[PDB]
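Q: This is the structure I want to talk about, given as structure tokens.
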Amino acid sequence: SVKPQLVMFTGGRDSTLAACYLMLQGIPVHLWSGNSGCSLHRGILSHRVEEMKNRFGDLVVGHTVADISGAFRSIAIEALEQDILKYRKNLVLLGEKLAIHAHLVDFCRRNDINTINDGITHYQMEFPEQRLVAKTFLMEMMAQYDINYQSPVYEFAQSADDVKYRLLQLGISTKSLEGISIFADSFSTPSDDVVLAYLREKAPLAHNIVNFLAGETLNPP
Amino acid sequence: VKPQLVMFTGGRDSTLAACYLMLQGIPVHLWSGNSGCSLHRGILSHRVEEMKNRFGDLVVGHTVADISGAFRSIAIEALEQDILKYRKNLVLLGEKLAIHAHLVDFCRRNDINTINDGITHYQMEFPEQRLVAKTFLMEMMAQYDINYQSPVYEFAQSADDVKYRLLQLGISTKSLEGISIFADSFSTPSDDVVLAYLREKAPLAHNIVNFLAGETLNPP
Amino acid sequence: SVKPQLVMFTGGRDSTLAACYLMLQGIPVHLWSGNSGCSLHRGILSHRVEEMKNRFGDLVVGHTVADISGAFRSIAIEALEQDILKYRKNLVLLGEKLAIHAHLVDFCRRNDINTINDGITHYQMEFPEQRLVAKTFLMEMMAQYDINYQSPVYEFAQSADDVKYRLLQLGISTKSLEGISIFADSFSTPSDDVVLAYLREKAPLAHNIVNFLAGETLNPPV
Amino acid sequence: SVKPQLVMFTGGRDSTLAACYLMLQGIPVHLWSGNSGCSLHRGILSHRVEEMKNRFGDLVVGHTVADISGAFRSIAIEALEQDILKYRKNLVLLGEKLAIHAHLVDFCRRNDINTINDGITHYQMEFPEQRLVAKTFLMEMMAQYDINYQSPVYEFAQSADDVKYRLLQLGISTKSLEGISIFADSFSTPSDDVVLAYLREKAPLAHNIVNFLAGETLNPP
Amino acid sequence: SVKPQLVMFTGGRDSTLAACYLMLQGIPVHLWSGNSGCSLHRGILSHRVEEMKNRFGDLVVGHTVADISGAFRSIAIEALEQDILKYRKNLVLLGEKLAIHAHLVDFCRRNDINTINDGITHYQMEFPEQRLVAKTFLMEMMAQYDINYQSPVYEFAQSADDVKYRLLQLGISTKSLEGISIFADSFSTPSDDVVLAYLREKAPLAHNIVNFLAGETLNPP
Amino acid sequence: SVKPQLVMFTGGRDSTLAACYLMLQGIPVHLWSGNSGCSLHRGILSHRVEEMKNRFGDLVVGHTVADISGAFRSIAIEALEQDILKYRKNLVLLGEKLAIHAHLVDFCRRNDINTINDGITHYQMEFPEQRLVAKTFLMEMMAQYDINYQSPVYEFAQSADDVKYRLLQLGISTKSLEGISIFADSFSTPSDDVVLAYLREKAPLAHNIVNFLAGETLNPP
Amino acid sequence: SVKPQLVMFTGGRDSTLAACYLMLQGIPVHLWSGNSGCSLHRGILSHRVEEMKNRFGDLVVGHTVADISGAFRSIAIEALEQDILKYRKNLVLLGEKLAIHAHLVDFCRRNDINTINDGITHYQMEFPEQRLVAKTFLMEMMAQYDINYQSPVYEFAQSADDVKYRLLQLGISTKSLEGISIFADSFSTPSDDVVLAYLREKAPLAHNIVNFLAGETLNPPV
Ligand SMILES: Nc1nc2c(ncn2[C@@H]2O[C@H](COP(=O)(O)OP(=O)(O)OP(=O)(O)O)[C@@H](O)[C@H]2O)c(=O)[nH]1
Ligand SMILES: Nc1nc2c(ncn2[C@@H]2O[C@H](COP(=O)(O)OP(=O)(O)OP(=O)(O)O)[C@@H](O)[C@H]2O)c(=O)[nH]1
Ligand SMILES: Nc1nc2c(ncn2[C@@H]2O[C@H](COP(=O)(O)OP(=O)(O)OP(=O)(O)O)[C@@H](O)[C@H]2O)c(=O)[nH]1
Ligand SMILES: Nc1nc2c(ncn2[C@@H]2O[C@H](COP(=O)(O)OP(=O)(O)OP(=O)(O)O)[C@@H](O)[C@H]2O)c(=O)[nH]1
Ligand SMILES: Nc1nc2c(ncn2[C@@H]2O[C@H](COP(=O)(O)OP(=O)(O)OP(=O)(O)O)[C@@H](O)[C@H]2O)c(=O)[nH]1
Ligand SMILES: Nc1nc2c(ncn2[C@@H]2O[C@H](COP(=O)(O)OP(=O)(O)OP(=O)(O)O)[C@@H](O)[C@H]2O)c(=O)[nH]1
Ligand SMILES: Nc1nc2c(ncn2[C@@H]2O[C@H](COP(=O)(O)OP(=O)(O)OP(=O)(O)O)[C@@H](O)[C@H]2O)c(=O)[nH]1
Ligand SMILES: Nc1ncnc2c1ncn2[C@@H]1O[C@H](COP(=O)(O)OP(=O)(O)OP(=O)(O)O)[C@@H](O)[C@H]1O
Ligand SMILES: Nc1ncnc2c1ncn2[C@@H]1O[C@H](COP(=O)(O)OP(=O)(O)OP(=O)(O)O)[C@@H](O)[C@H]1O
Ligand SMILES: Nc1ncnc2c1ncn2[C@@H]1O[C@H](COP(=O)(O)OP(=O)(O)OP(=O)(O)O)[C@@H](O)[C@H]1O
Ligand SMILES: Nc1ncnc2c1ncn2[C@@H]1O[C@H](COP(=O)(O)OP(=O)(O)OP(=O)(O)O)[C@@H](O)[C@H]1O
Ligand SMILES: Nc1ncnc2c1ncn2[C@@H]1O[C@H](COP(=O)(O)OP(=O)(O)OP(=O)(O)O)[C@@H](O)[C@H]1O
Ligand SMILES: Nc1ncnc2c1ncn2[C@@H]1O[C@H](COP(=O)(O)OP(=O)(O)OP(=O)(O)O)[C@@H](O)[C@H]1O
Ligand SMILES: Nc1ncnc2c1ncn2[C@@H]1O[C@H](COP(=O)(O)OP(=O)(O)OP(=O)(O)O)[C@@H](O)[C@H]1O
Ligand SMILES: [Mg+2]
Ligand SMILES: [Mg+2]
Ligand SMILES: [Mg+2]
Ligand SMILES: [Mg+2]
Ligand SMILES: [Mg+2]
Ligand SMILES: [Mg+2]
Ligand SMILES: [Mg+2]
């Protein structure tokens with residue numbers, strides 16, 4: 001049998017497609033959803049999980065909903081004032097993606113997973129966590145823990161229509177069946193330099209969270 | 001005896017094709033494509049019950065497959081331009097191609113390599129039942145090592161031929177199928193147009209096969 | 001108390017907001033969804049109905065899902081070849097809107113409703129059924145049957161964001177919880193002249209369907 | 001409030017449409033199906049009755065399935081040899097329609113109905129019971145018992161397509177959801193003269209059956 | 001332990017007795033009833049089957065009720081006009097017995113039976129299918145398929161009383177617990193020559209039905 | 001409106017038809033079956049009662065199965081030796097009909113019935129209880145108790161076929177769904193003179209049984 | 001029976017005590033909790049409501065948990081960048097309080113309540129949203145809608161110990177059984193002028209939300 005991989009899953013179109021495409025290849029998927037504690041109307045997600053189980057059966061090996069609110073708070077919210085004053089951009093959703101990755105190190109090590117997959121896309125590159133500089137940074141971070149971070153729909157998705165009509169071909173809804181962050185439409189577009197600087201500044205906190213989650217320290221960075 | 005697949009609508013001809021295979025001792029997997037534009041499909045279940053009562057375990061399954069996405073990609077996405085350029089509504093030809101693309105994937109995943117339909121000689125005005133379309137689709141399936149057969153094609157010189165064989169099996173003569181909303185929505189195309197449309201759409205059909213196999217995301 | 005009105009409801013953002021806005025005013029709403037027979041993955045609709053019932057209670061007086069496939073076929077599909085060749089645009093979704101309105105005449109007359117509401121929007125004016133020429137044609141058509149056809153979010157909705165964040169303020173999801181037409185992204189943009197010509201051409205069929213649905217004739221349009 | 005009428009109902013397209021059209025007008029309909037005893041695969045009928053009840057509710061006031069095998073035998077089968085030798089045509093299905101009408105006199109009188117309706121059509125006039133001469137004959141027969149016999153789709157239905165598309169507009173299947181007579185495709189086309197002569201010859205039997213069903217005689221014609 | 005044989009069973013007296021007599025000998029019996037689609041009031045049959053199961057237990061190895069309406073129609077009804085004009089006799093019940101025999105070839109071959117038995121009787125020889133010429137024709141037809149067709153009460157039954165009082169001695173009702181054909185009392189008596197000519201004319205249709213039922217052809221004669 | 005009448009009912013064709021014909025006229029019928037204690041295989045009767053209830057509903061007002069074995073014994077069996085030696089005919093079934101009539105006087109008087117009906121027929125006049133002389137005798141006997149004894153199918157039934165095909169027209173089986181007397185086919189045909197002499201000889205016993213059943217005496221005739 | 005009042009209720013000690021003290025007087029209370037959508041570990045709240053129902057029975061006339069996430073987003077999150085750059089302080093929780101008040105106008109008007117009560121105390125001095133300048137502003141806002149805003153434990157509660165010992169005398173836990181906001185006041189003091197400027201800037205949004213919730217407009221603030 002083929003080793004299960006993890007998919008960072010929102011119920012949105014792109015992460016649904018990434019999971020489906022792996023399953024089409026015979027790769028079992030563990031769906032993993034991060035609840036940051038600032039996400040609204042997540043109930044529709046269960047409709048999407050049912051669609052995926054109906055289409056792929058046992059290749060959906062599980063769905064973990066993880067509470068990442070504390071890590072998210074430590075990285076992105078506790079120093080929000082200072083962060084916004086320094087970078088002049090609201091980067092909390094970049095912080096969220098880093099909090100996700102910290103939690104994923106711990107999850108992967110405790111559940112014998114070493115490939116993680118997301119649904120970032122080329123056409124969404126205005127979003128900081130989907131920029132090449134962020135993806136490269138997070139690939140490097142995961143590689144330090146021997147975790148392979150892949151983005152299987154990144155290059156294919158030149159528009160939302162590309163993702164939608166592949167889903168439709170699988171007999172799955174084209175709608176985005178996800179919760180929304182309260183931070184939706186709460187930010188302007190940051191430069192690549194700012195994205196990378198924020199990631200570098202917060203990285204010590206992220207690694208520290210990894211170490212705490214592993215039971216290796218209580219002390220701060 | 002290795003099970004074979006029948007493309008099954010509940011209609012008279014596909015019912016008879018399945019029955020005739022079962023009479024020979026061949027188990028049949030009934031496969032129905034739901035294109036997403038079919039009305040009043042509920043009566044199908046009466047036909048499946050008739051067939052199970054008459055043939056028992058030789059009916060090895062009934063899959064109802066959602067093929068709406070492939071149908072849309074092949075036949076509906078470019079409907080405006082397709083009708084303007086060929087001057088014929090060929091969506092039901094596109095549907096049959098979408099069916100065949102799905103059947104490649106289904107056959108490969110379920111260890112089937114003979115598929116069967118109920119196209120008939122007397123229905124040759126319909127594009128997917130013309131010899132040029134049948135030949136094209138046989139060739140397409142053969143490229144995937146699938147044998148596509150049409151066991152009532154030559155026998156059925158009229159609807160009456162099919163009906164009275166069904167009656168001899170103790171099965172109703174009625175057509176217990178849903179209808180396409182595209183019923184009576186087209187004029188008759190030439191063979192050249194049918195074949196041109198099939199050749200134009202074939203790369204998309206093969207691409208759908210490849211996506212369904214998990215081999216690519218990219219367009220043709 | 002206040003007389004119930006009907007909302008043409010998909011589960012989408014705009015028709016959700018139109019229904020909610022009426023209910024906020026104390027107007028009970030009968031939700032009406034047309035199943036044209038060519039719509040995919042409608043199951044999510046029920047999530048939206050539940051959200052609306054949780055937020056508004058008994059002001060949601062009902063949800064009718066009507067099979068309009070035969071009227072849709074007669075208006076928009078049966079002569080698809082000819083229609084596309086003549087107008088050089090695929091107008092089936094305009095035909096669908098007309099089929100909806102024909103069914104709504106019959107529904108309103110049989111259920112004591114005389115105001116119908118939709119969620120068409122200004123920002124979606126590229127779509128033929130949402131253009132002012134279509135809206136005003138259909139307003140006039142409904143008025144000839146003593147039905148008031150209104151579009152309560154039409155002028156407010158200068159973008160999808162306007163509709164979304166009003167829904168969010170009601171504690172309702174911002175997502176479009178609707179099925180999709182198979183005819184999604186199957187057409188190019190028609191002129192206003194074409195939209196109006198198509199509506200005028202098909203109107204006699206629509207009226208004939210109204211008459212049949214009322215039990216008044218079997219005969220086809222003259 | 002409006003007096004119920006009867007519809008001679010097979011589950012076929014035309015009688016379905018006749019019943020539906022009456023109901024659209026606010027007329028409640030009692031569906032009546034004659035089982036001649038020679039009808040095959042009648043099971044599908046119940047799908048159609050369900051469709052009609054779903055579309056029209058309480059306007060469908062009932063469905064009677066009547067055993068008319070004995071009347072059918074007496075009129076059309078018992079003297080089959082002589083009938084075919086004399087007329088050189090198999091007219092059993094004309095006899096069946098007469099047997100239906102005899103039963104309907106009794107049914108109407110016992111159930112307070114005085115309008116009956118069928119789904120004969122113009123485009124099916126090759127069939128003996130649908131010819132104008134047969135319709136006229138049976139109208140006259142019913143009128144002698146103060147019963148109004150109407151054919152509400154007769155003139156409209158210039159083809160099967162006319163009936164089908166009206167059904168589809170009602171959200172009802174276009175298929176013919178009826179049993180078939182074993183006598184399907186068992187006859188050649190009779191002349192009008194033969195149709196009328198057969199009806200006149202069998203009429204005394206039909207009236208006698210009416211009288212027996214009313215409890216008025218045991219004796220033969 | 002003894003090989004099961006088939007009995008052509010109506011619930012009538014003679015086929016009941018034939019089945020019982022075989023079972024008294026230790027021969028298990030598969031009861032087979034052909035429903036032509038034109039037979040009335042068949043419900044009473046189940047009373048007889050219960051009587052037989054109570055008297056003989058496991059020697060009744062089953063009861064198949066076969067729908068033979070399509071074969072019956074093809075052989076006897078479809079060309080009724082021509083058949084009656086040519087022979088000047090209604091021979092549908094002879095056609096029915098041929099349709100039964102066609103179905104029995106297929107049933108015997110698929111269920112490992114090679115002896116079939118009926119309850120034709122000497123005293124019923126006015127009926128075409130019970131004449132010696134019909135019996136010998138059908139014996140020959142069955143023999144071509146390696147099926148032995150026997151009539152175990154044929155010679156014993158010089159009157160109905162002979163059959164009745166043997167049944168009574170078994171603790172079984174003397175009544176004929178069978179349906180009737182609508183074609184009851186619908187025919188005059190044919191000559192032996194006509195019976196044989198009809199059987200010879202219809203035989204190709206019967207054999208073709210055998211071939212279709214075996215899955216060997218679709219084509220007509 | 002209409003007063004219920006009684007029908008002497010066996011489940012046989014003629015008594016079934018008599019009851020049905022009364023019900024067709026709007027006369028409710030109380031079915032009454034006499035069990036003499038020497039009748040076999042009576043279970044099939046219940047199929048017939050069900051047919052009648054299905055066809056006529058509430059017009060079947062009841063079915064009494066009466067144990068008349070003691071009256072039958074006293075009239076017809078106790079002096080069987082003497083009776084047969086004197087008349088040279090086994091007349092037990094005539095005795096049975098007299099026992100029935102004695103019981104019917106008591107039943108009618110206790111249940112407010114004053115018209116009784118049977119299914120004796122012209123074509124069965126070889127049977128002693130169906131001869132004109134027996135019918136006349138029993139009419140006179142019943143008239144002495146103010147009971148009207150009628151035979152509504154007596155004159156109509158010139159053959160079994162007359163009865164059968166009227167039943168078929170009602171949607172009822174043509175079979176005789178009755179038990180049989182063990183005394184079936186146990187007698188030769190008596191003269192009218194013998195029938196009448198036997199009836200006159202046994203009448204005092206029958207009247208005495210009437211008186212005992214009324215509670216008016218214990219003493220013998 | 002006496003007219004029910006509302007208590008702005010967190011499950012914390014002070015708003016618990018305020019509600020209890022009103023109920024001791026025979027005043028029925030509707031407990032109302034605003035869920036911003038960014039509050040964590042709110043499950044313990046139900047333990048507190050149960051304690052209160054056990055102690056006071058039918059004087060607890062309900063507990064509404066209102067989803068105010070959309071109003072909160074519109075007021076305090078959507079323009080976070082601009083808000084922080086202009087005022088140089090994170091005032092999200094002040095924005096939250098304004099969103100609460102907007103929702104309270106709508107709730108009070110639809111449930112026939114005209115007195116609301118909170119658990120403000122003397123010892124609650126740290127937070128900008130607890131300053132007298134904010135309270136005065138919000139009292140004035142409620143008064144414009146004829147709603148009386150009262151603070152029944154304000155003068156008694158010179159420290160948290162004062163509140164705790166009264167709760168204990170009622171047989172209720174002294175713990176703060178509430179969720180926490182993911183947000184938290186940063187070290188700087190803003191000036192009163194800044195607090196009031198923020199409130200005045202956001203007030204038009206808040207009133208517009210009130211008007212939308214009443215079914216009176218769809219249009220944005222003006
Ligand atoms: N950084 C970041 N922001 C996102 C992302 N997705 C959404 N957002 C923000 O949230 C807003 C609303 O997102 P959605 O609810 O998905 O908006 P939408 O695309 O109109 O809606 P759907 O079609 O239902 O997905 C966007 O306009 C962004 O401000 C993401 O992947 N990254
Ligand atoms: N291309 C194509 N069109 C078909 C096919 N079958 C039906 N149609 C179309 O659909 C119409 C109606 O189909 P059916 O409902 O099967 O028609 P029918 O068998 O003539 O009659 P009904 O069963 O009573 O409706 C036809 O007239 C065609 O326009 C088919 O196999 N291929
Ligand atoms: N005429 C018409 N076409 C529409 C309408 N809505 C959608 N379409 C068509 O369908 C396509 C996809 O619509 P949606 O699936 O609603 O768009 P989306 O933003 O991907 O998804 P949603 O979140 O469901 O709104 C559009 O690009 C149009 O081609 C409408 O109101 N009228
Ligand atoms: N006299 C008479 N014969 C009929 C009538 N309807 C059908 N038949 C006969 O029965 C045959 C078959 O009837 P159907 O099975 O309904 O024929 P069909 O409409 O071609 O069959 P489908 O399309 O499968 O529904 C006809 O060809 C006629 O011989 C009728 O109303 N009157
Ligand atoms: N060809 C043929 N006709 C039969 C046969 N059995 C019965 N019939 C016909 O059906 C008619 C009546 O059948 P039954 O009701 O069984 O005859 P019956 O002897 O009056 O009735 P029961 O004693 O009640 O069984 C006969 O008069 C014949 O016309 C048979 O074996 N062959
Ligand atoms: N006296 C008298 N004897 C009868 C009567 N009916 C039947 N029997 C006797 O009982 C015998 C058998 O009756 P049934 O079993 O009804 O005989 P059947 O009517 O010839 O034929 P089946 O109904 O097929 O048995 C007759 O032959 C008579 O001896 C009757 O009404 N009166
Ligand atoms: N000796 C001792 N006293 C304690 C301890 N924890 C709390 N207390 C005291 O007990 C009293 C009430 O305890 P708590 O309710 O825990 O104190 P608190 O400040 O309310 O704490 P929280 O309710 O957790 O915010 C106070 O007067 C505290 O001084 C402990 O571990 N040891
Ligand atoms: N809370 C979360 N938990 C898990 N994965 C997440 C979360 N938030 C974001 N991601 C990952 O980030 C990717 C990018 O998000 P994005 O919104 O662009 O895609 P999506 O939600 O899959 O699709 P859609 O375009 O419909 O929103 C997601 O595909 C997912 O893999
Ligand atoms: N949706 C579908 N799914 C599967 N097979 C299909 C589908 N549509 C058509 N086919 C195939 O195409 C053949 C031709 O269709 P056609 O309508 O002529 O036949 P039918 O439905 O079997 O019979 P009928 O004459 O009653 O309609 C069918 O017999 C069937 O094998
Ligand atoms: N099948 C249908 N049944 C009923 N009303 C419909 C149907 N299709 C469209 N409508 C009406 O027309 C409008 C179509 O416009 P549009 O699709 O933009 O709106 P929506 O579905 O409410 O929102 P969204 O932008 O989320 O799709 C709907 O708001 C609704 O009022
Ligand atoms: N057994 C029956 N019971 C009642 N009415 C009958 C019966 N047989 C025929 N009819 C009447 O005769 C009419 C003509 O029959 P015909 O078969 O043409 O119509 P249909 O069955 O309604 O439609 P279809 O064309 O689908 O068969 C029927 O509509 C019905 O009213
Ligand atoms: N439909 C049928 N299915 C099976 N066997 C049949 C059928 N019709 C006739 N037969 C056979 O042919 C014979 C017909 O003769 P007949 O009807 O006289 O006999 P029966 O029904 O057994 O007795 P009865 O004299 O009581 O009717 C039956 O005994 C039976 O073996
Ligand atoms: N045991 C009985 N109980 C009641 N009535 C009886 C009884 N025996 C005979 N009769 C009456 O006398 C008649 C006897 O005549 P016969 O037996 O011929 O009639 P049947 O049983 O009705 O019909 P069949 O001819 O089928 O036997 C019956 O019709 C019935 O009215
Ligand atoms: N989300 C909210 N919903 C309703 N009222 C609230 C909310 N947040 C704050 N308040 C009001 O403002 C006060 C906030 O101050 P504080 O947190 O000291 O009070 P508390 O929650 O009652 O007590 P504590 O938090 O110390 O247990 C509450 O007493 C309450 O009246
Ligand atoms: Mg997303
Ligand atoms: Mg078909
Ligand atoms: Mg929409
Ligand atoms: Mg019909
Ligand atoms: Mg028999
Ligand atoms: Mg009898
Ligand atoms: Mg607090």
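Chain identifiers are assigned as A, B, and so on, following the order in which chains appear in the structure tokens; residues are numbered from 1 within each chain, and ligands are numbered from 1 in order of appearance.
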Would you list, as an mmCIF file with N, CA and C atoms, in the first residue's frame, the residues of range 57-166 of chain F that end up in strand (DSSP E) under DSSP run on this structure's backbone?
A:
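That gives us result-v9.cif:
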data_model
loop_
_atom_site.group_PDB
_atom_site.id
_atom_site.type_symbol
_atom_site.label_atom_id
_atom_site.label_comp_id
_atom_site.auth_asym_id
_atom_site.auth_seq_id
_atom_site.Cartn_x
_atom_site.Cartn_y
_atom_site.Cartn_z
ATOM 1 N N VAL F 60 -72.514 -7.895 2.089
ATOM 2 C CA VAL F 60 -72.374 -9.179 2.762
ATOM 3 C C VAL F 60 -72.451 -8.911 4.262
ATOM 4 N N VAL F 61 -73.566 -9.211 4.897
ATOM 5 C CA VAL F 61 -73.745 -8.761 6.250
ATOM 6 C C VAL F 61 -73.242 -9.814 7.221
ATOM 7 N N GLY F 62 -72.967 -11.038 6.809
ATOM 8 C CA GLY F 62 -72.397 -12.012 7.727
ATOM 9 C C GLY F 62 -72.280 -13.366 7.073
ATOM 10 N N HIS F 63 -71.509 -14.259 7.689
ATOM 11 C CA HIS F 63 -71.410 -15.643 7.261
ATOM 12 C C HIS F 63 -71.502 -16.506 8.515
ATOM 13 N N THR F 64 -72.601 -17.241 8.687
ATOM 14 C CA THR F 64 -72.790 -18.193 9.767
ATOM 15 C C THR F 64 -72.446 -19.582 9.237
ATOM 16 N N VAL F 65 -71.584 -20.295 9.954
ATOM 17 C CA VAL F 65 -71.346 -21.694 9.722
ATOM 18 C C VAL F 65 -72.002 -22.462 10.861
ATOM 19 N N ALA F 66 -73.074 -23.172 10.578
ATOM 20 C CA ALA F 66 -73.897 -23.778 11.613
ATOM 21 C C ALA F 66 -73.596 -25.269 11.702
ATOM 22 N N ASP F 67 -73.401 -25.768 12.922
ATOM 23 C CA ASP F 67 -73.241 -27.193 13.133
ATOM 24 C C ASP F 67 -74.620 -27.840 13.174
ATOM 25 N N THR F 115 -86.931 -14.085 4.696
ATOM 26 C CA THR F 115 -86.761 -14.635 3.364
ATOM 27 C C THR F 115 -85.440 -15.400 3.321
ATOM 28 N N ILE F 116 -85.527 -16.664 2.893
ATOM 29 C CA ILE F 116 -84.349 -17.474 2.677
ATOM 30 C C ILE F 116 -84.276 -17.809 1.189
ATOM 31 N N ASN F 117 -83.053 -18.022 0.711
ATOM 32 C CA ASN F 117 -82.778 -18.218 -0.704
ATOM 33 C C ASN F 117 -81.758 -19.326 -0.862
ATOM 34 N N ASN F 148 -90.528 -17.041 3.792
ATOM 35 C CA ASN F 148 -90.558 -17.106 2.346
ATOM 36 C C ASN F 148 -89.266 -17.756 1.835
ATOM 37 N N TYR F 149 -89.399 -18.924 1.205
ATOM 38 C CA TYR F 149 -88.293 -19.670 0.651
ATOM 39 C C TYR F 149 -88.280 -19.469 -0.861
ATOM 40 N N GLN F 150 -87.225 -18.841 -1.373
ATOM 41 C CA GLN F 150 -87.082 -18.549 -2.790
ATOM 42 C C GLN F 150 -85.815 -19.197 -3.335
#
Q: Using only C-alpha atoms and all ligand atoms, which protein or nucleic acid residues are at most 7 Å from ligand 10, as a PyMOL selection string?
A: chain C and resi 7-16+32-36+97+100+117-121+124+160+175-178
Q: Neighbours of ligand 6 within 10 Å, counting only C-alpha atoms and all ligand atoms, as a ChimeraX atom specification?
A: /E:12-13,160-161,164-165,173-177 /F:10,12-14,90-97,119-121,124-131,160,175-189
Q: Just to be explicit: take each residue in the selection above, keep C-alpha atoms, and write the result as a short mmCIF file (atom, residue, chain, number, x, y, z; two decimals), in the first residue's frame.
A:
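The resulting file, part.cif, is reproduced below:
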data_model
loop_
_atom_site.label_atom_id
_atom_site.label_comp_id
_atom_site.auth_asym_id
_atom_site.auth_seq_id
_atom_site.Cartn_x
_atom_site.Cartn_y
_atom_site.Cartn_z
CA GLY E 12 -56.48 -28.95 -11.62
CA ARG E 13 -57.41 -32.49 -10.65
CA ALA E 160 -63.13 -37.29 -14.11
CA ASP E 161 -64.50 -39.57 -11.34
CA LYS E 164 -61.34 -37.39 -8.22
CA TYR E 165 -61.61 -40.46 -6.00
CA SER E 173 -59.77 -31.96 -2.39
CA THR E 174 -61.57 -33.29 -5.49
CA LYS E 175 -62.10 -29.75 -6.83
CA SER E 176 -60.28 -28.24 -9.75
CA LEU E 177 -58.26 -25.50 -8.00
CA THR F 10 -71.90 -23.59 -0.01
CA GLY F 12 -70.59 -23.43 -4.99
CA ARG F 13 -71.34 -21.57 -8.21
CA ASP F 14 -75.12 -21.41 -7.95
CA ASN F 90 -79.82 -43.67 -0.15
CA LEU F 91 -81.62 -40.39 0.57
CA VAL F 92 -79.30 -38.96 3.22
CA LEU F 93 -78.68 -35.80 1.17
CA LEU F 94 -82.43 -35.20 1.01
CA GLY F 95 -82.50 -35.66 4.81
CA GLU F 96 -79.66 -33.17 5.03
CA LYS F 97 -81.68 -30.51 3.16
CA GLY F 119 -79.03 -21.97 -5.36
CA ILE F 120 -80.97 -25.02 -6.52
CA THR F 121 -81.09 -25.12 -10.31
CA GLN F 124 -79.56 -30.23 -11.31
CA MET F 125 -83.09 -31.69 -10.97
CA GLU F 126 -81.81 -35.30 -10.87
CA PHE F 127 -80.78 -34.50 -7.26
CA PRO F 128 -83.72 -35.19 -4.90
CA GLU F 129 -83.62 -31.92 -2.96
CA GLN F 130 -83.69 -29.96 -6.24
CA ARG F 131 -86.79 -31.65 -7.69
CA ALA F 160 -73.75 -24.85 -15.42
CA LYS F 175 -65.04 -22.77 -9.94
CA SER F 176 -67.11 -24.51 -7.34
CA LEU F 177 -65.33 -23.46 -4.12
CA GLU F 178 -67.13 -25.77 -1.73
CA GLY F 179 -66.54 -28.85 0.39
CA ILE F 180 -67.97 -32.17 -0.74
CA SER F 181 -70.22 -34.57 1.13
CA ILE F 182 -68.69 -37.97 1.85
CA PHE F 183 -72.04 -39.15 0.41
CA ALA F 184 -70.94 -37.81 -3.04
CA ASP F 185 -71.62 -40.43 -5.72
CA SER F 186 -73.02 -42.86 -3.11
CA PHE F 187 -76.61 -43.11 -4.40
CA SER F 188 -78.82 -43.94 -7.39
CA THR F 189 -81.66 -41.70 -8.69
#
